[PDB]
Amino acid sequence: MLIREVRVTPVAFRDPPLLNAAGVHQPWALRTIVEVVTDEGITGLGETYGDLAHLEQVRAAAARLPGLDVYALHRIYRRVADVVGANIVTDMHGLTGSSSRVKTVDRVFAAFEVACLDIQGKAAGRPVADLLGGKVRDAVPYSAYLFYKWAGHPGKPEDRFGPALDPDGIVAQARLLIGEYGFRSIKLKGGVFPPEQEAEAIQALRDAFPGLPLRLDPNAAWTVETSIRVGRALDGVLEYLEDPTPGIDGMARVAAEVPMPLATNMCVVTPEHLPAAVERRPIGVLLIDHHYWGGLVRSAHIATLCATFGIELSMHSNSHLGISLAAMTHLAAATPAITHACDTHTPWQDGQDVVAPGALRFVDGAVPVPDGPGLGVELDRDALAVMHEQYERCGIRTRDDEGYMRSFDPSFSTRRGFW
């Protein structure tokens, strides 16, 4: 089961003007689709970031994989490390923490690892969840990922979701997403408005949706002092407070003085961060993410490590398609410690996808583990062609929420310890 060829396809798809600490999402989100093909013609799919520097590394690594076996994940990892060499790929927004050598290698590797597991599952006639110990739950709950947002991108058609710039608007957005998908947990993206206004929105969500766990995620937009004041004000309201303030030190100081656990996908984002995290305890909850922790198996290993130290697991999302959703779902289904609802941007992509439509559905807020072999998805090659053509002419090559926001408000800068 040697790799014969690895096809790498950058894609772009429409995204609404979702606001965050770093500015606002651009009208196109980028991804890179990977398809691994064995000598005997079995295919596997992976999905990763579309930023140009990353795309270049994925292409370079892909070109050096033919001849390696799809079970030889350690060897494929070493080959990716060789290709990445000295390169460290940084991003412009910082919303998944710092860049490093290992995180760069893990980011490049993960697209291939997922595709190799898809192939191993197909060879065995088993879902990827079976390669990870078998599903421990039939369906994986996801949260409603709420954002403050403009009605549309300036100069472009307004989208069907409506604006959300205050508690009423956020509650209406929640009703819309929950009505459609059945989400039983709610997350609000913050760091956009003054904290008291975001606390108000959280309270409005609590009143409108009794019983549903709530999370608030300012992406490090707050000082330690502000974080403590907000955490205390929200006593008994949040499942967790996610990245209120920047850094392990500041997070640890906040965590000691607020009544709910803190979570992160910013100050702990690669394994080298974990010993410092265990010592200072900046978090009670880690949002794992196979796209930068190095694939499904490495993510599963990290879940075991976290559980051992009493750190619970959730899952971080970036704008993504159905290959990533299938991978997320198999990983969460087969990992006992991933016990919190996972995040997904899925609703915001409004049905855009490169896989056939029937395999991944939300039922009562959860995605049932696909039944087919491998990831349980089928590439729609026309849909891939449509999105690749969009990439070619979309005029965006690297995600830049801050630069895009600055085009409207020149004085804007990413909020980091700002309120």
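All residue numbers are counted from 1 along the displayed sequence.
*Asks:* Given the B-factors recorded for C-alpha atoms, which segment has the greater mean, 237-245 or 267-275?
*Replies:* The deposited B-factors put 237-245 ahead on the C-alpha mean.
*Asks:* Could you check which stretch, 379-387 or 37-45, carries the larger mean CA temperature factor in the entry?
*Replies:* Per the PDB entry, the higher value belongs to 37-45.
*Asks:* Going by the deposited entry, which of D217, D106, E225, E113 has the highest CA temperature factor?
*Replies:* If I rank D217, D106, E225, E113 by C-alpha B-factor, first place goes to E225.
*Asks:* Which has the highest CA B-factor per the PDB entry: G97, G294, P336, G322?
*Replies:* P336 has the highest C-alpha B-factor of those listed.
*Asks:* Place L30 in the lowest, middle or highest third of its chain's C-alpha B-factors, as listed in the PDB entry.
*Replies:* According to the entry, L30 has a C-alpha B-factor in the chain's lowest third.
*Asks:* Going by the CA temperature factor in the PDB record, which third of the chain does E200 belong to: lowest, middle or highest?
*Replies:* As the PDB entry reports it, the C-alpha B-factor of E200 lands in the highest third of its chain.
*Asks:* Sorting the chain's modelled residues by C-alpha B-factor, tell me whether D91 ends up in the lowest, middle or highest third.
*Replies:* For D91, the deposited C-alpha B-factor lands in the highest third.
*Asks:* If you rank the chain by CA B-factor, which third does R137 end up in: lowest, middle or highest?
*Replies:* Within its chain, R137 is a highest-third residue by C-alpha B-factor, going by the deposited values.
*Asks:* Is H345 in the lowest, middle or highest third of its chain when residues are ranked by C-alpha B-factor?
*Replies:* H345: CA B-factor falls in the lowest third of its chain.
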